Each structure stands twice: as structure tokens, then as C-alpha cells.
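Pasting start-v4.cif here (mmCIF, C-alpha atoms):
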```cif
data_target
#
loop_
_atom_site.label_atom_id
_atom_site.label_comp_id
_atom_site.auth_asym_id
_atom_site.auth_seq_id
_atom_site.Cartn_x
_atom_site.Cartn_y
_atom_site.Cartn_z
CA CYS X 27 -72.48 36.94 -169.73
CA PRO X 28 -71.29 38.01 -173.19
CA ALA X 29 -71.89 36.03 -176.36
CA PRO X 30 -69.62 33.07 -177.17
CA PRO X 31 -67.13 33.54 -180.02
CA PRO X 32 -67.37 31.25 -183.05
CA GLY X 33 -66.19 27.71 -182.43
CA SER X 34 -64.42 26.92 -185.68
CA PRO X 35 -63.50 23.25 -186.17
CA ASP X 36 -60.37 24.54 -187.92
CA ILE X 37 -57.25 26.07 -186.35
CA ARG X 38 -54.42 27.87 -188.18
CA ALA X 39 -51.68 28.73 -185.67
CA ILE X 40 -48.19 30.06 -186.42
CA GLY X 41 -44.88 29.00 -184.91
CA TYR X 42 -42.71 31.94 -183.90
CA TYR X 43 -39.26 30.54 -182.99
CA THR X 44 -36.17 31.02 -185.14
CA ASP X 45 -33.45 28.86 -183.55
CA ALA X 46 -33.18 25.09 -183.25
CA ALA X 47 -33.25 25.31 -179.44
CA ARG X 48 -36.69 26.98 -179.86
CA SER X 49 -35.72 29.80 -177.51
CA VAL X 50 -35.35 32.96 -179.67
CA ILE X 51 -38.66 34.48 -180.74
CA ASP X 52 -39.45 36.20 -184.02
CA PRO X 53 -41.53 39.28 -183.08
CA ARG X 54 -43.18 39.39 -186.50
CA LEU X 55 -44.32 35.78 -186.08
CA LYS X 56 -45.57 36.11 -182.51
CA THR X 57 -47.86 39.05 -183.44
CA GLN X 58 -49.05 36.96 -186.40
CA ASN X 59 -49.62 33.94 -184.16
CA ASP X 60 -51.44 36.04 -181.54
CA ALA X 61 -53.95 37.28 -184.11
CA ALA X 62 -54.41 33.88 -185.74
CA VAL X 63 -55.40 32.28 -182.44
CA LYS X 64 -57.13 35.21 -180.80
CA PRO X 65 -60.50 33.30 -180.54
CA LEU X 66 -58.89 30.26 -178.88
CA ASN X 67 -57.12 32.38 -176.27
CA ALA X 68 -60.25 34.51 -175.82
CA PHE X 69 -62.36 31.39 -175.29
CA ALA X 70 -60.04 30.12 -172.54
CA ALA X 71 -59.67 33.52 -170.88
CA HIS X 72 -63.42 34.07 -170.53
CA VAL X 73 -64.42 30.54 -169.57
CA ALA X 74 -61.85 30.72 -166.75
CA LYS X 75 -63.09 34.19 -165.72
CA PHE X 76 -66.59 32.70 -165.49
CA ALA X 77 -65.24 29.91 -163.27
CA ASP X 78 -63.31 32.22 -160.91
CA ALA X 79 -66.41 34.38 -160.50
CA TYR X 80 -68.48 31.23 -159.93
CA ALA X 81 -66.14 29.96 -157.20
CA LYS X 82 -66.49 33.32 -155.44
CA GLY X 83 -69.93 32.09 -154.32
CA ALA X 84 -73.43 33.53 -154.70
CA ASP X 85 -72.92 33.67 -158.47
CA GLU X 86 -74.49 30.65 -160.17
CA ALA X 87 -74.94 32.80 -163.28
CA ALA X 88 -71.23 32.97 -164.12
CA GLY X 89 -70.91 29.20 -163.77
CA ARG X 90 -73.89 28.74 -166.08
CA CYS X 91 -72.35 31.34 -168.40
CA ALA X 92 -69.24 29.21 -168.99
CA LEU X 93 -71.41 26.13 -169.52
CA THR X 94 -73.14 28.13 -172.26
CA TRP X 95 -69.81 28.95 -173.92
CA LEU X 96 -68.65 25.34 -173.54
CA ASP X 97 -71.93 23.98 -174.89
CA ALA X 98 -71.87 26.40 -177.83
CA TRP X 99 -68.42 25.23 -178.93
CA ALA X 100 -69.54 21.65 -178.30
CA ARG X 101 -72.27 21.86 -180.94
CA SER X 102 -69.95 23.75 -183.29
CA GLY X 103 -67.68 20.70 -183.25
CA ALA X 104 -65.01 23.26 -182.44
CA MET X 105 -61.32 22.36 -182.87
CA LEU X 106 -62.27 18.91 -184.25
CA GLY X 107 -61.52 19.82 -187.88
CA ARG X 108 -58.24 20.68 -189.65
CA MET X 109 -55.11 21.56 -187.68
CA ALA X 110 -53.47 23.74 -190.33
CA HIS X 111 -49.67 23.51 -190.29
CA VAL X 112 -47.76 26.46 -191.75
CA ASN X 113 -44.23 26.27 -190.29
CA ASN X 114 -44.81 23.83 -187.39
CA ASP X 115 -47.55 22.07 -185.38
CA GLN X 116 -48.57 25.17 -183.40
CA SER X 117 -52.24 24.49 -184.19
CA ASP X 118 -52.03 21.08 -182.51
CA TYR X 119 -50.45 22.72 -179.46
CA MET X 120 -53.30 25.22 -179.37
CA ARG X 121 -55.84 22.40 -179.44
CA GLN X 122 -54.03 20.77 -176.52
CA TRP X 123 -53.91 23.98 -174.49
CA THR X 124 -57.46 25.03 -175.36
CA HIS X 125 -58.91 21.59 -174.61
CA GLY X 126 -57.28 21.68 -171.18
CA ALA X 127 -58.58 25.17 -170.43
CA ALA X 128 -62.03 24.05 -171.60
CA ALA X 129 -62.06 20.78 -169.65
CA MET X 130 -60.98 22.64 -166.52
CA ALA X 131 -63.82 25.14 -166.76
CA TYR X 132 -66.31 22.31 -167.24
CA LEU X 133 -64.77 20.36 -164.35
CA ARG X 134 -65.19 23.47 -162.21
CA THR X 135 -68.73 24.45 -163.28
CA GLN X 136 -70.01 20.93 -163.99
CA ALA X 137 -72.57 20.79 -161.15
CA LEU X 138 -74.84 23.37 -162.80
CA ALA X 139 -75.02 21.63 -166.18
CA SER X 140 -78.30 20.30 -167.55
CA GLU X 141 -78.38 16.82 -169.08
CA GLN X 142 -78.36 18.14 -172.64
CA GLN X 143 -75.34 20.19 -171.52
CA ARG X 144 -73.47 17.34 -169.81
CA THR X 145 -74.01 15.13 -172.85
CA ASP X 146 -72.93 17.79 -175.36
CA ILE X 147 -69.86 19.00 -173.48
CA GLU X 148 -68.56 15.64 -172.26
CA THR X 149 -68.98 14.01 -175.68
CA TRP X 150 -67.06 17.00 -177.03
CA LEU X 151 -64.38 16.84 -174.32
CA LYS X 152 -63.83 13.08 -174.92
CA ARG X 153 -63.83 13.55 -178.70
CA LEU X 154 -61.16 16.20 -178.17
CA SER X 155 -59.32 13.88 -175.76
CA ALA X 156 -59.11 11.21 -178.45
CA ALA X 157 -57.88 13.76 -181.00
CA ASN X 158 -55.10 15.29 -178.89
CA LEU X 159 -54.04 11.83 -177.75
CA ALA X 160 -53.87 10.46 -181.30
CA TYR X 161 -51.42 13.29 -182.06
CA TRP X 162 -48.82 11.72 -179.77
CA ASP X 163 -49.09 8.37 -181.56
CA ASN X 164 -46.54 9.58 -184.11
CA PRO X 165 -43.18 8.90 -182.39
CA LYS X 166 -41.57 11.81 -184.26
CA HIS X 167 -43.30 14.28 -181.92
CA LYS X 168 -40.96 14.40 -178.86
CA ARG X 169 -43.05 14.08 -175.71
CA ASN X 170 -41.82 17.24 -174.00
CA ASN X 171 -43.92 19.67 -171.92
CA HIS X 172 -46.44 19.77 -174.79
CA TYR X 173 -47.12 16.14 -174.01
CA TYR X 174 -47.79 16.85 -170.40
CA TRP X 175 -50.14 19.76 -171.07
CA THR X 176 -52.16 17.37 -173.22
CA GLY X 177 -52.73 15.53 -169.94
CA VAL X 178 -54.48 18.55 -168.41
CA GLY X 179 -57.41 18.17 -170.80
CA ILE X 180 -57.34 14.37 -170.66
CA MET X 181 -57.27 14.39 -166.86
CA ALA X 182 -60.00 16.99 -166.36
CA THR X 183 -62.20 15.21 -168.90
CA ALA X 184 -61.57 11.89 -167.15
CA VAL X 185 -62.43 13.22 -163.69
CA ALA X 186 -65.37 15.21 -165.09
CA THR X 187 -66.78 12.17 -166.91
CA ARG X 188 -65.53 9.68 -164.29
CA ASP X 189 -64.05 7.64 -167.13
CA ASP X 190 -61.60 5.18 -165.58
CA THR X 191 -59.98 4.51 -168.96
CA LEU X 192 -59.26 8.21 -169.50
CA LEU X 193 -57.97 8.24 -165.91
CA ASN X 194 -55.32 5.65 -166.78
CA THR X 195 -54.06 7.25 -170.00
CA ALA X 196 -54.02 10.57 -168.12
CA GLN X 197 -52.02 8.89 -165.35
CA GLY X 198 -49.73 7.57 -168.07
CA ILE X 199 -49.03 11.10 -169.29
CA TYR X 200 -48.19 12.32 -165.78
CA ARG X 201 -46.05 9.30 -164.92
CA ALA X 202 -44.20 9.66 -168.23
CA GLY X 203 -43.27 13.16 -167.13
CA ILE X 204 -42.21 12.09 -163.65
CA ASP X 205 -40.12 9.32 -165.23
CA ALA X 206 -38.44 11.89 -167.50
CA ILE X 207 -36.99 13.65 -164.44
CA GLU X 208 -33.29 12.89 -164.16
CA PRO X 209 -31.46 12.21 -160.87
CA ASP X 210 -29.89 15.68 -160.94
CA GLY X 211 -33.42 17.12 -161.31
CA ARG X 212 -33.34 18.01 -165.01
CA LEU X 213 -35.79 17.33 -167.80
CA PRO X 214 -33.38 16.96 -170.74
CA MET X 215 -35.82 18.19 -173.40
CA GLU X 216 -36.63 21.28 -171.35
CA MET X 217 -32.92 21.69 -170.57
CA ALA X 218 -32.17 21.97 -174.31
CA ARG X 219 -34.05 25.29 -174.55
CA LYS X 220 -31.00 27.29 -173.38
CA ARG X 221 -32.01 30.78 -172.26
CA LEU X 222 -35.56 29.48 -171.61
CA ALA X 223 -34.40 26.33 -169.79
CA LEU X 224 -35.59 27.48 -166.36
CA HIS X 225 -38.79 28.81 -167.93
CA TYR X 226 -39.62 25.49 -169.59
CA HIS X 227 -38.71 23.46 -166.51
CA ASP X 228 -41.26 25.70 -164.81
CA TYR X 229 -43.70 25.24 -167.70
CA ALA X 230 -43.19 21.46 -167.57
CA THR X 231 -43.83 21.35 -163.81
CA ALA X 232 -47.20 23.10 -164.22
CA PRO X 233 -49.26 20.33 -165.92
CA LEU X 234 -47.61 17.58 -163.86
CA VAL X 235 -48.66 19.16 -160.55
CA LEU X 236 -52.10 20.18 -161.81
CA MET X 237 -52.73 16.62 -162.98
CA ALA X 238 -51.64 15.36 -159.55
CA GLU X 239 -54.06 17.76 -157.83
CA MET X 240 -57.06 16.61 -159.86
CA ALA X 241 -56.13 13.05 -158.92
CA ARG X 242 -56.66 14.19 -155.33
CA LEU X 243 -60.29 14.83 -156.33
CA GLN X 244 -60.59 11.04 -156.37
CA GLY X 245 -58.59 10.37 -153.20
CA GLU X 246 -55.40 9.39 -155.06
CA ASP X 247 -52.01 10.66 -153.85
CA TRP X 248 -50.11 10.72 -157.13
CA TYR X 249 -47.01 12.27 -155.53
CA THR X 250 -46.51 8.71 -154.23
CA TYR X 251 -45.29 7.62 -157.67
CA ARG X 252 -41.48 7.82 -157.86
CA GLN X 253 -41.68 9.81 -154.65
CA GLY X 254 -39.14 12.60 -154.29
CA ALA X 255 -38.57 12.96 -158.04
CA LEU X 256 -41.01 15.81 -158.66
CA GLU X 257 -39.58 17.48 -155.54
CA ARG X 258 -36.18 17.45 -157.25
CA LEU X 259 -37.55 19.11 -160.39
CA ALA X 260 -39.72 21.52 -158.39
CA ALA X 261 -36.73 22.36 -156.18
CA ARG X 262 -34.48 23.25 -159.12
CA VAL X 263 -37.22 25.53 -160.46
CA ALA X 264 -37.40 27.34 -157.12
CA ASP X 265 -33.59 27.38 -156.94
CA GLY X 266 -33.26 28.66 -160.50
CA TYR X 267 -35.15 31.84 -159.71
CA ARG X 268 -32.82 32.80 -156.85
CA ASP X 269 -29.62 31.68 -158.60
CA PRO X 270 -29.65 30.46 -162.23
CA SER X 271 -26.12 29.06 -161.82
CA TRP X 272 -27.08 25.41 -162.31
CA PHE X 273 -29.40 26.15 -165.23
CA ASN X 274 -26.71 28.31 -166.84
CA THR X 275 -24.17 25.48 -166.90
CA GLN X 276 -26.51 22.60 -167.78
CA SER X 277 -28.08 24.63 -170.62
CA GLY X 278 -24.95 26.45 -171.79
CA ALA X 279 -26.84 29.76 -171.87
CA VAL X 280 -27.49 32.58 -169.42
CA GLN X 281 -31.07 32.17 -168.23
CA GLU X 282 -33.55 34.90 -169.06
CA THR X 283 -34.42 37.01 -166.03
CA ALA X 284 -38.12 36.62 -165.24
CA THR X 285 -40.50 36.63 -162.32
CA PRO X 286 -42.75 33.58 -161.80
CA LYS X 287 -46.15 34.18 -163.36
CA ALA X 288 -49.37 32.47 -164.42
CA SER X 289 -48.66 28.79 -165.14
CA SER X 290 -45.89 28.86 -162.52
CA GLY X 291 -48.75 29.00 -160.02
CA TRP X 292 -48.45 25.21 -159.71
CA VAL X 293 -46.37 26.13 -156.65
CA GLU X 294 -49.56 27.27 -154.90
CA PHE X 295 -50.63 23.63 -154.79
CA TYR X 296 -47.28 21.86 -154.53
CA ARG X 297 -46.15 23.87 -151.49
CA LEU X 298 -49.03 22.20 -149.63
CA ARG X 299 -47.68 18.79 -150.71
CA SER X 300 -43.90 19.22 -150.49
CA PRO X 301 -41.93 17.95 -147.49
CA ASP X 302 -39.96 21.22 -147.54
CA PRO X 303 -42.66 23.81 -148.21
CA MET X 304 -41.03 27.03 -146.96
CA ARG X 305 -38.50 26.62 -149.78
CA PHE X 306 -41.23 27.81 -152.16
CA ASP X 307 -42.16 30.92 -150.16
CA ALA X 308 -40.20 33.11 -152.58
CA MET X 309 -42.16 31.83 -155.58
CA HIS X 310 -45.41 31.97 -153.59
CA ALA X 311 -44.64 35.61 -152.77
CA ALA X 312 -44.63 36.39 -156.51
CA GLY X 313 -48.35 35.60 -156.53
CA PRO X 314 -51.21 35.62 -156.83
CA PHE X 315 -51.19 33.44 -159.96
CA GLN X 316 -53.93 33.11 -162.57
CA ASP X 317 -53.83 30.98 -165.72
CA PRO X 318 -56.85 30.03 -167.87
CA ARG X 319 -55.10 26.90 -169.19
CA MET X 320 -54.94 25.51 -165.63
CA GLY X 321 -58.51 26.47 -164.65
CA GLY X 322 -58.06 30.09 -163.61
CA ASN X 323 -56.95 31.42 -160.22
CA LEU X 324 -54.42 28.91 -158.94
CA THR X 325 -53.83 30.82 -155.69
CA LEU X 326 -57.49 30.61 -154.65
CA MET X 327 -57.95 27.11 -156.08
CA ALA X 328 -55.07 25.92 -153.89
CA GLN X 329 -56.98 27.32 -150.90
CA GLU X 330 -60.61 26.54 -151.80
CA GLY X 331 -60.25 23.54 -154.11
CA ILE X 332 -60.39 23.16 -157.88
CA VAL X 333 -64.13 22.36 -157.94
CA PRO X 334 -66.21 24.82 -155.87
CA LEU X 335 -69.00 23.06 -153.98
#
```
Starting from the coordinates I provided, produce the structure as C-alpha cells.
Amino acid sequence: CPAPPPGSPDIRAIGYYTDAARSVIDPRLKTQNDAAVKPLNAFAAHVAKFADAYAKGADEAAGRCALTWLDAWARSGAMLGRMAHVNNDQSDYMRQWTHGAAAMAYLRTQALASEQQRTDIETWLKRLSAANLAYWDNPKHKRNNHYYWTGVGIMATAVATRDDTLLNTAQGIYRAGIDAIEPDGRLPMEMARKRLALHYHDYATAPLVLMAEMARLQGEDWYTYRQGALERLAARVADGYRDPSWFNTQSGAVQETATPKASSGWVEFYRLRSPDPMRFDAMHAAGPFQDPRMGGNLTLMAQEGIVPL
């Protein structure tokens, strides 16, 4: 168990896209963004590592290691300060993604927390939840995938705290995504990303499924809501990787060749829930998948459960 990095209240992230469709990256700005947010990404990467090692069994130390990192940032009031904007709201997005990754690690290692630790972390996770959720009160922020990733931290905090109010708002974020699916299967805000249209349909499917799976922790079958819709979106994503023909036309760009990776590991869960599961064998074969912002190892979590008992 290493030592936790500093939990600054303040974030200064850097947007790195150059075109309106937010699909062409500036390399100079991505390297600058990577360095600016190295401690946020490092915090998520370790605290998920500690959870994966915990879920391997016979390693209560790793679980208690993450709870030390999470408790340290809790008392630092980390990420609750200034979200510095330079050329966009990339800092806000990092708070959304880092909160999620944090809330997942606490959801997964919760059982080993002391009472000083449960109080510190949960109070922090709810005080983050309020912050990230207040961001989306401004109607000028389109509620695209970014909105649905905010639900990862809200949902995990809700289930971890057993807060029925946070459960509903979290359900509202998921349902808002499911409602955004169009009859042809498209999410029009993800479809407007051109050469990354498939990629962002994939990236949009990840928090929706993961939210639905944590709802299973409380016996709720969220795939019931607007049943069949998420299948349509999930199907196009699986179709797009074999043949990007549809995505090419509906986006007006030639999709960017790419193998499924990391966040696209939502398919490890959804294939257990779909009516037509063998359709996702090709994506499943690209595994295993691991993503700190969704809790860690999605392939194992789909087999052993999000929360190891």
C-alpha cells in the first residue's frame, strides 16, 4: 500500500479538441491535459487496483488500502474547490469521472471501513454528488455521455449510502439516457462526433449499463424501463465494430478503426442481460476489460459481482 497522492480541492484540466464536432485531438493539448490531471487519473487507477486485488480474496489489506486513499482525499476536501476553466469545462468532467471511480472503489471495499471511515468517505461522496449534479443545472451544458457518467458516481454513492433520494436522481440520469436513444438506435449527440461516433456511442453505453448493474445490487431490473431500447443502442455498437457502414452514413464521417477496450467492457455485463447474447461474443472476445472509472476489472466483476463478499 503506497502513500496517497495529495487531494487538492482544486482541479485545472485542459480541453484538447480542435473541431466543433469535438473529434479531432490536438496532441499538444492532450499531453498538457494528461500532466495537469495526472493525480486524478493516478488516484482512480490505484484505488481500482486495490479493489481488484481485494476481490481476488484473501487480501483484506488491499481493500483497506483503498479505504485509506479514499479517506485521505475525504479529509482533504478533495475536488470540492475550484474547477478551473481554461478553454472548456474539462475540470468538471474530471470531477465527474474521478467521483465515479472513487465511489465505485468505496462501494466495492465498503465492508472493511471503520465508522470514522464510513462517515468521512460517504459525507465526501455525497458532497461530491451534490457538486457534480449542480453542474447539470445550467441548461447550456448538453446532457450527453458526460451526463451519464455523472450517474456512475451518484449511483455508487446512493447504493453505498443506501440513500433512496440519491437512488432516484441516479435513476433519473440513467432513464434520461435510455430516453435519448432514438428508434433507429442512435444517440444524436454522440452521433454528431463524426469519426468518433461509434466510439462515443460505446462510451455512452458504458455508464448506462454500469448504472443498471448497480441497481441489480438492490434487486431492481432497470433494463425493464423502455425495454428493448438499450438493446438497440448496444446492438449498433456491436454492429459498428464489424461494419461501420451505418455509423459512416449517419455521422457523415468514416469511423476510426479501433478495438473495444476499457470502458467498452460494459458488454461483459450486458451480454448476461441481453435477449440475444451471442451477438456480443466478438466484443467479449476483445477482453478482458479493465477501467478504473467503472470500478476496475469489468470482466471479473461481471462474473463475481461488483461488490466482493
Show me, as a CSV table (one decimal) with C-alpha atoms, keeping the file's coordinate frame, the residues that have an atom within 6 Å of residue 216 (chain X) when counting all atoms listed in the file, minus same-chain residues fewer than 3 positions from it.
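Once everything was written out, this is around-v1.csv:
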```csv
chain,number,residue,atom,x,y,z
X,213,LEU,CA,-35.8,17.3,-167.8
X,219,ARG,CA,-34.0,25.3,-174.6
X,223,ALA,CA,-34.4,26.3,-169.8
X,226,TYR,CA,-39.6,25.5,-169.6
X,227,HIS,CA,-38.7,23.5,-166.5
```
Is it possible to get the axis-aligned box enclosing region 93-96 of chain X (all listed atoms, 8 Å extra per side) as AutoDock Vina command-line options, with centre and edge lengths in Å rounded to one decimal?
```
--center_x -70.9 --center_y 27.1 --center_z -171.7 --size_x 20.5 --size_y 19.6 --size_z 20.4
```
- [ ] Determine the residue set returned by the PyMOL selection byres ((chain X and resi 270) around 12) for the present structure, and present it as an MDAnalysis selection string.
- [x] chainID X and resid 220:225 262:269 271:284
Open item on the list: What would the selection look like, as a ChimeraX atom specification, if the PyMOL selection byres ((chain X and resi 51-65) around 9) were run on the coordinates I just shared?
Closed with: /X:31-33,37-45,48-50,66-70,116-117,120
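Counting from CA of residue 257 (chain X), the distance to CA of residue 231 (chain X) is 10.1 Å.
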TODO: Identify all residues satisfying the PyMOL selection byres ((chain X and resi 123) around 9) in the given file; provide them as a VMD selection string.
DONE: chain X and resid 70 118 to 122 124 to 128 172 175 to 176 178 to 179 319
Open item on the list: Considering all atoms listed in the file, can you say which of X:100, X:311, X:35, X:115 comes closest to residue 167 (chain X)?
Closed with: X:115
Task: Distance in Å - CA of residue 29 (chain X) versus CA of residue 314 (chain X) - done: 28.4 Å
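In this structure, CA of residue 105 (chain X) sits 5.6 Å away from CA of residue 36 (chain X).
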Task: Among the residues X:144, X:214, X:136, X:187, the one that comes closest to residue 169 (chain X) [using all atoms listed in the file] - done: X:214
- [ ] Within 10 Å of region 192-195 of chain X, counting all atoms listed in the file, which residues show up once you throw out same-chain ones fewer than 5 positions away? Write them as a PyMOL selection string, please.
- [x] chain X and resi 152+155-156+159+177+180-185+187+200-201+241
Open item on the list: What's around residue 300 (chain X) at 10 Å? Count only C-alpha atoms, leave out sequence neighbours fewer than 6 positions away in its own chain, and write the answer as a ChimeraX atom specification.
Closed with: /X:249,254,256-257,260-261,293,306
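Contact shell of residue 316 (chain X) at 9 Å (only C-alpha atoms; same-chain neighbours under 5 positions omitted): residues 287, 288, 289, 291, 321, 322, 323, 324 and 325 of chain X.
With distances restricted to all atoms listed in the file, X:170 is the closest residue to residue 206 (chain X) from X:102, X:170, X:191, X:158.
Using all atoms listed in the file, the residues found no farther than 9 Å from residue 258 (chain X), other than those of its own chain fewer than 6 positions away, are residues 207, 208, 209, 210, 211 and 212 of chain X.
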